[PDB]
Amino acid sequence: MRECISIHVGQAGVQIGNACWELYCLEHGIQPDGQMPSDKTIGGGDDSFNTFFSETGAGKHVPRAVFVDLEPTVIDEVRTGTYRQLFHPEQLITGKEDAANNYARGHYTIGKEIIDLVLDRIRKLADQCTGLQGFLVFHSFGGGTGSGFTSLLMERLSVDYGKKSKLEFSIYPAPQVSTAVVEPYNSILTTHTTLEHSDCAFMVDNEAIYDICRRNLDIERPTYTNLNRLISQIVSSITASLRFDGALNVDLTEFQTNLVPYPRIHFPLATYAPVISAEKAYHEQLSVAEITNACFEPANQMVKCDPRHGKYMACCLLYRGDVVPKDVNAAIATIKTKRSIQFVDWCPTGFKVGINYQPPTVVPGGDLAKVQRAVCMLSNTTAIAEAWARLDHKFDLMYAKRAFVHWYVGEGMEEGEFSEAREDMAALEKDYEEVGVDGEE
Amino acid sequence: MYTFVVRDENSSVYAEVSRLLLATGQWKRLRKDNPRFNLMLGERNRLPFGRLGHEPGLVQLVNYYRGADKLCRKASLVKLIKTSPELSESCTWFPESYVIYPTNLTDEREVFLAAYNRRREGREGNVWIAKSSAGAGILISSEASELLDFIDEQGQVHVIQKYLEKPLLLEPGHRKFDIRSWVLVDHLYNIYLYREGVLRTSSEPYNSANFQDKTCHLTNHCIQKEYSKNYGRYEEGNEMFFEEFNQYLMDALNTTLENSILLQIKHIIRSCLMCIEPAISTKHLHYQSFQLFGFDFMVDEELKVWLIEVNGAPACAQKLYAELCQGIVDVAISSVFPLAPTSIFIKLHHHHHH
Amino acid sequence: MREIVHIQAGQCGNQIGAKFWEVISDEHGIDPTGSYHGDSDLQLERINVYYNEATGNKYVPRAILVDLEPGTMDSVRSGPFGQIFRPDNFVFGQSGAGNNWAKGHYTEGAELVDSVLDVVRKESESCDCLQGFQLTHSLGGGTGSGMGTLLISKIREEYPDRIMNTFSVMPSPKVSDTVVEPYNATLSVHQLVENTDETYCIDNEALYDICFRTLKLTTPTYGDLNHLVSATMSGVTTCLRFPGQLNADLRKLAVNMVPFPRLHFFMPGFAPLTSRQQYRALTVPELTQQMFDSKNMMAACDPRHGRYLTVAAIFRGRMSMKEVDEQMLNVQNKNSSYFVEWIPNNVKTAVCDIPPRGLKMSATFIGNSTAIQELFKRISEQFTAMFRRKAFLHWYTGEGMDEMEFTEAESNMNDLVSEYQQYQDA
Amino acid sequence: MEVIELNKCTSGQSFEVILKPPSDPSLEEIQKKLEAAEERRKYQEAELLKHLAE
Ligand SMILES: C=C/C=C\[C@H](C)[C@H](OC(N)=O)[C@@H](C)[C@H](O)[C@@H](C)C/C(C)=C\[C@H](C)[C@@H](O)[C@@H](C)/C=C\[C@@H](O)C[C@@H]1OC(=O)[C@H](C)[C@@H](O)[C@H]1C
Ligand SMILES: Nc1nc2c(ncn2[C@@H]2O[C@H](COP(=O)(O)OP(=O)(O)OP(=O)(O)O)[C@@H](O)[C@H]2O)c(=O)[nH]1
Ligand SMILES: Nc1ncnc2c1ncn2[C@@H]1O[C@H](COP(=O)(O)OP(=O)(O)CP(=O)(O)O)[C@@H](O)[C@H]1O
Ligand SMILES: Nc1nc2c(ncn2[C@@H]2O[C@H](COP(=O)(O)OP(=O)(O)O)[C@@H](O)[C@H]2O)c(=O)[nH]1
Ligand SMILES: [Ca+2]
Ligand SMILES: [Ca+2]
Ligand SMILES: [Ca+2]
Ligand SMILES: [Mg+2]
Ligand SMILES: [Mg+2]
Ligand SMILES: [Mg+2]
């Protein structure tokens, strides 16, 4: 068994974190007070769930997690909430005033003053680990803390934990729920400085989740609560391999090995099905073929884009529930004869498949219906570069006029960091194009 | 009030579509870089499809299908036909073709020579034609050596295609021609064949003993108006329209345009577009597409129809601009953005059971 | 707790400020004696942003009242909620400022300003995490304008890393006390250009025209104008005073609204504006259309004469957020040309469940529009018409000012006008 | 369509199907960056206070 430490940064990171740990407790049979009746080894153990939970002598199962935010009110929810007994104070870190949606404020001005405290608290967790794998880092692109402090933290983690893997779960900005006009700046600045420090990053576009919640959960105006419950379901599918018995993606290194042959191109697309409303009075249960076919619909992707007009480098299918290999292979055969699926020439056309027999857990009284079988597909497709193109275009529009730039320079950032970051993104877009792509008539 | 942007100033068809939209009084044109449009009349090259369909509260439509280039490039069309089971290497309405990369750059040179050699041995007609999308640029020859060498002198991909030695010749004049069909595919992937086509004719008598002089061999409107003395002699602008061509077919061959030719044209159009539908359909996509295509056909003396190529950004015949452009607005645009007959189109559909 | 420290200076500043505290005290369920009598926890959740908690569960406005004569603050103290203010936070002289920026800024105001800063420090010292300051004042008089901008400069020196926000009443010949108002306002605008992060521009002629034309008040009083302003101030600060995601504090608001440091002058607006049919239900579509109607805006500038750099819209009351989003998207999608295209998604919308007293719903508009240049052009024209003849200058040179300072103020405001124009053409 | 590396346990199973074969900054440097930005904030603030002193 090898430990993983989760790090939740800023409002989005923290609130998504609270949704995930809630779901993990429900999946593992851990009560709000930390007790876990099914765990017969009191006060210790090296089971798969111990990758995410340590144990006290009193039998408390404590998340290997640190929460960090530059303002106290979101993390005060956690101190005060249903699972408050789960965490001890040293795991929750708050400042007094936030980064004001300003990467420079998060990275340089405030980050400089809190980074050593955060590393100290992380060090305390690492000292409990017999064989630390690395880190799972949750944050928004758009917030000043999620963008700026995370990139600082990622740099320092590479220094203090050089051999350790670092995965990201990143919330890509959507104007339908966004709170700052400058989020394109923050996104590109943080991507630039974090790029070399992250081994694999799962981007979730709030636009996609928002529209899935509206369309499939019939929620007229989704809240962060609706959004995060769905995000936690996807995160859980992705990390289930680290927390349950299995032979696929059983450690962080395997995520890179299976999904990322090209280091800079480390952003797999997640696709998830089925998403069914709990208020739906009559629901016909979807087959293995139907939920698998749904993995190739943009409407079910965590980022809207068109994989038909890109190339695959890798594809992983992660099932939960009543699924056997026979039905997966029958579904895949059919899908290949009907769908556009081009792999790059230097990779095999194939799928790595994981099945966990335990169907998805749902939060009691939540939006999601219990289903007999579900699947998360992780594919490294060049199509996800569409999201970088979108972001880079908005960045260009504002930067050409230097709109809002004085806010960043005012915190000690040089204007040159803007163009440097944008140049790095230009190369990233070109990398995707090289991998992915070959009037008056 | 619906909104749209124009990003191809060079398009006659969509200049007229734009003109019409404004005339409805219910469409407003924005600056070409305003993202809050309902409708994009896109640029021909590197249209940013990746930025479409991400505008909260705006249904967005564009006048190109991402991926249609597979059909609309010479080399891409050859590859698409040979590798698609629904079309296949034994497809009967497309001339034997090969993709050849200049030796200064897979490549079917040896496969071409083998087929070429077989014909040369069996006394068969052996005139092939070299051409490429990078042209205005064409070479017709019965010698493989000339064909392959002409391509090396260039730096772009080429296609060597079997030259139809037995074309249908119009009389009087003993002259060659090709048929242009305009096809509109809407956002639901309804395939609409414009009822009016045009025959782009050669005003020079066809001569099989001289491929050196290409004016009697190439029916392109530009070439005829430039290098042909008899331009406009038989018909205005070397364009014969379907009514006259039908009357000719009745008079001369005791048949009809519909029977002898259009059945095959409709078959070919539907085969091509249904083949790539899965690759390009926007049915469940966050933005929608339509596109106007220009299919080019040749007819041989046995009244067999051959596909020559598909154009992704066609112009129209002057006399037909108004009708077709109104047709575009009615079926492609107002279908998505309704305003506050006897269609001009033939909906191509067929569901044979087996 | 992100505390805001409120300052109100001079006659206009104190009359509007008093009305403002009356209005938001009613919203938070605070009675005139500082006792809480509300029925919703939403009322207290962010109450500490504007109020301190005294002994006996009393809430006291974090407010400093400043004047160079005692009259208006006497009236405030004798007014409805006058006893709610901290007695030590009344800071005043006796000689007045005579509608004279120089008296406010350099002579009379100078003698008083340190005592004001002492009270400002006392309030700041007890803040757990001070956001910054909001000042209410007029630009056309002497105390609010001259001493108000002196205060702002000294506050910036002592608190350089805190946000400075003003509600600034711009003079108009149509609703005017003295002919020197354009002098006082031109002098003050240069101060605001350099030393505030956000300035809400309230034109007295706009207020008057709303009262006369739309509200059908035959003879509007300063009292009528001030209730409009108070309602607007309540709306624009809703995001600071109640739970919310968007523009929830002064700095995040500035980062969203101010793309260039000098262009931080906002046009506010309020809906509904209804004449005494007053019981008629208002719809979201109607709120939205009126909120964006030039007639509902308070800078007397035609929005169609310029472009929006950024817009914040706040809706209050129980309503469909789905419909709000739809209606806001409609306004932008149907008049997209009036929003600069080089700041994507530059219109932000907030919804708060608690509506103003006596309304089912309301909407407040904050626009950073280049059309605000018309306001400064008007002031500049009135300034020059007098200054070219050096008319009325002796009132100022008698306090030690020289003509060169007027020349520089003039140049500064014309520079500001030019800066707006370049982004209107961008 | 070859299945490979089939692994089974009580909690589930995993395998691979192939349809077709193929054809940092040091602590010191981070420090200097953070201190350089802090220095620039100090300079800008010093300049402001000078302006206000005048
Ligand atoms: C002159 C119009 C007075 C009232 C109107 C009928 C309207 O009242 C209702 N209930 O719809 C209000 C909202 C008007 O549209 C406003 C323009 C009135 C306005 C703010 C100012 C006038 C210039 C001024 O004469 C003032 C003394 C008159 C009435 C105020 O007591 C109305 C209340 O004032 C508020 O602060 C809240 C928004 C809310 O409680 C509001 C009902
Ligand atoms: N999915 C999801 N997105 C969120 C949540 N909270 C914030 N966001 C998104 O995150 C971006 C704003 O960043 P935040 O995480 O709120 O900012 P922060 O990291 O706290 O940084 P500062 O507040 O600027 O110090 C916007 O795009 C929001 O839509 C959440 O709970 N779930
Ligand atoms: N295989 C073939 N056999 C006989 N004639 C051919 C031929 N290929 C091309 N031609 C002649 O050459 C002309 C141009 O060919 P092609 O269509 O491939 O290039 P192009 O795109 O420049 C003209 P267009 O697309 O407008 O028809 C055709 O109109 C036809 O008359
Ligand atoms: N809206 C409003 N404007 C006022 C009020 N009192 C004065 N004014 C305006 O304020 C300016 C005069 O400044 P005033 O505040 O009286 O001078 P001060 O006491 O020296 O600050 C002129 O533009 C007046 O029109 C008021 O109560 N409400
Ligand atoms: Ca144990
Ligand atoms: Ca590393
Ligand atoms: Ca004195
Ligand atoms: Mg935050
Ligand atoms: Mg062509
Ligand atoms: Mg007065």
Side-chain angles (χ1 to χ4, degrees), chain B residues 77 91-97 119 124-129 131 138 140 142 161-183 193-211 213-225 227-228 230-269 271-272 294-311 314 317 320 346:
Chain B
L77 175 62
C91 168
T92 65
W93 38 262
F94 192 67
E96 187 177 0
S97 304
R119 287 183 163 268
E124 287 197 323
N126 219 9
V127 177
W128 299 72
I129 183 181
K131 44 183 182 178
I138 289 76
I140 315 177
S142 46
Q161 178 167 79
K162 186 69 195 72
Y163 188 81
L164 286 329
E165 298 179 40
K166 294 174 178 179
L168 184 63
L169 298 176
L170 299 173
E171 306 292 358
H174 204 61
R175 45 210 194 94
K176 183 171 181 171
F177 72 88
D178 81 313
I179 296 177
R180 155 67 51 87
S181 297
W182 293 277
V183 177
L193 170 60
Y194 184 22
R195 67 153 87 110
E196 304 290 346
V198 66
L199 277 72
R200 293 170 289 186
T201 73
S202 168
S203 40
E204 303 291 333
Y206 182 81
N207 183 17
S208 60
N210 179 12
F211 305 101
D213 183 12
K214 298 179 295 183
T215 303
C216 80
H217 292 289
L218 291 61
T219 55
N220 306 319
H221 184 278
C222 67
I223 297 178
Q224 294 293 320
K225 189 164 188 174
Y227 298 101
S228 185
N230 299 278
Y231 179 70
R233 187 237 267 255
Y234 308 95
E235 51 271 328
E236 181 168 359
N238 283 23
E239 298 176 339
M240 171 184 300
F241 295 91
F242 276 4
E243 183 177 10
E244 175 179 3
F245 185 46
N246 187 72
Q247 186 59 238
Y248 173 82
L249 291 176
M250 290 191 284
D251 289 342
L253 307 185
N254 190 25
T255 187
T256 68
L257 176 53
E258 165 65 30
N259 284 7
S260 69
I261 293 172
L262 208 66
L263 276 181
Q264 288 165 87
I265 284 182
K266 290 184 281 188
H267 172 62
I268 293 172
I269 290 163
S271 295
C272 286
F295 283 73
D296 298 333
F297 301 96
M298 284 266 305
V299 184
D300 67 26
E301 61 180 29
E302 291 292 306
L303 296 180
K304 176 177 176 172
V305 171
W306 303 84
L307 177 70
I308 295 309
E309 80 143 313
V310 185
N311 298 273
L320 302 177
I346 314 171

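Within every chain, numbering begins at 1; the chains are lettered A, B, ... in the order of the sequence lines, protein sequences first and strands thereafter.
Residues satisfying the salt bridge (charged side-chain N to carboxylate O under 4.0 Å, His left out) test with B:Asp178, not counting sequence neighbours, are B:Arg200. Scanning for side chain to side chain contact (heavy atoms under 4.5 Å, CB included) contacts around B:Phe211 gives B:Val127, B:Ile140, B:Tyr163, B:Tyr206, B:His217, with sequence neighbours left out. B:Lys131 pairs by the salt bridge (charged side-chain N to carboxylate O under 4.0 Å, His left out) definition with nothing, not counting sequence neighbours. Applying the side chain to side chain donor-acceptor pair (under 3.5 Å) test to B:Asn220 and every residue at least two apart in sequence or in another chain returns nothing. Taking B:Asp300 as the reference, B:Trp306 meet the side chain to side chain donor-acceptor pair (under 3.5 Å) condition, with sequence neighbours excluded. For B:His221, the side chain to side chain contact (heavy atoms under 4.5 Å, CB included) criterion is met by B:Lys225, B:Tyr231, B:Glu239, not counting sequence neighbours. Residues forming a side chain to side chain donor-acceptor pair (under 3.5 Å) with B:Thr201 (at least two apart in sequence, or on another chain): B:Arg175, B:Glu235. Annotation: side chain to side chain contact (heavy atoms under 4.5 Å, CB included) contacts of B:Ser271 (sequence neighbours excluded): B:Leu87, B:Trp93, B:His267. B:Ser181 meets the side chain to side chain donor-acceptor pair (under 3.5 Å) test with no other residue; sequence neighbours excluded. With sequence neighbours left out, B:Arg195 forms a side chain to side chain contact (heavy atoms under 4.5 Å, CB included) with B:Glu323, B:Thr342, B:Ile344.
Side-chain N or O atoms of B:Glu96 include none that pairs as donor or acceptor with a backbone N or O of B:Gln161 at under 3.5 Å. No donor-acceptor pair closer than 3.5 Å links the side chain of B:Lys176 to the backbone N or O of B:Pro167. The backbone N or O of B:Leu303 lies less than 3.5 Å from a partner atom in the side chain of B:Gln264, making a donor-acceptor pair. Side chain of B:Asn230 to backbone of B:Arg233: no donor-acceptor contact under 3.5 angstrom is found.
B:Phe94 places a side-chain heavy atom less than 4.5 Å from the side chain of B:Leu77. Looking at B:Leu218 and B:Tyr227, their side chains never come closer than 4.5 Å, going by heavy atoms from C-beta outward. Side-chain atoms of B:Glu301 and B:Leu169, non-hydrogen and from C-beta on, never get closer than 4.5 Å to each other. With a 4.5 Å cut-off on side-chain heavy atoms, B:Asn238 and B:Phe177 do not count as touching. In this structure, B:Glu165 and B:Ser208 have side chains that are not in contact, with every pair of non-hydrogen atoms separated by 4.5 Å or more.
In this structure, CD1 on B:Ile308 lies 8.0 Å from CD1 on B:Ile129, to the nearest 0.5 angstrom. The structure places CH2 of B:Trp182 at 5.0 Å from CG of B:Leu320, a figure rounded to the nearest 0.5 Å. Note: B:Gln224 CD to B:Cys216 SG = 9.0 Å, rounded to the nearest 0.5 Å. Here B:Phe295 contributes atom CZ and B:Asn311 contributes atom CG; the two are 9.5 Å apart, rounded to the nearest 0.5 Å.
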Please report the C-alpha distance between B:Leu307 and B:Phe297 in whole Å, then the side-chain angles of each, then the deciding distance to 0.1 Å, and finally whether the side-chain contact (heavy atoms from CB on, under 4.5 Å) criterion is met.
CA-CA 5 Å; B:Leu307 177 70; B:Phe297 301 96; 3.9 Å; yes
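Residue pairs meeting the salt bridge (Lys or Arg N to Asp or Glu O under 4.0 Å) criterion with at least one member in residues 252-264 of chain B, sequence neighbours excluded, are B:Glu258-B:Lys266.
Just one of B:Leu263, B:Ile265, B:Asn259 meets the side-chain contact (heavy atoms from CB on, under 4.5 Å) condition when paired with B:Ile261; it is B:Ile265.
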Give every donor-acceptor pair under 3.5 Å between a side-chain atom in residues 240-253 of chain B and any protein atom, sequence neighbours left out.
from	atom 1	to	atom 2	distance (Å)
B:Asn246	OD1	B:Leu257	N	2.7
B:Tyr248	OH	B:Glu171	N	3.4

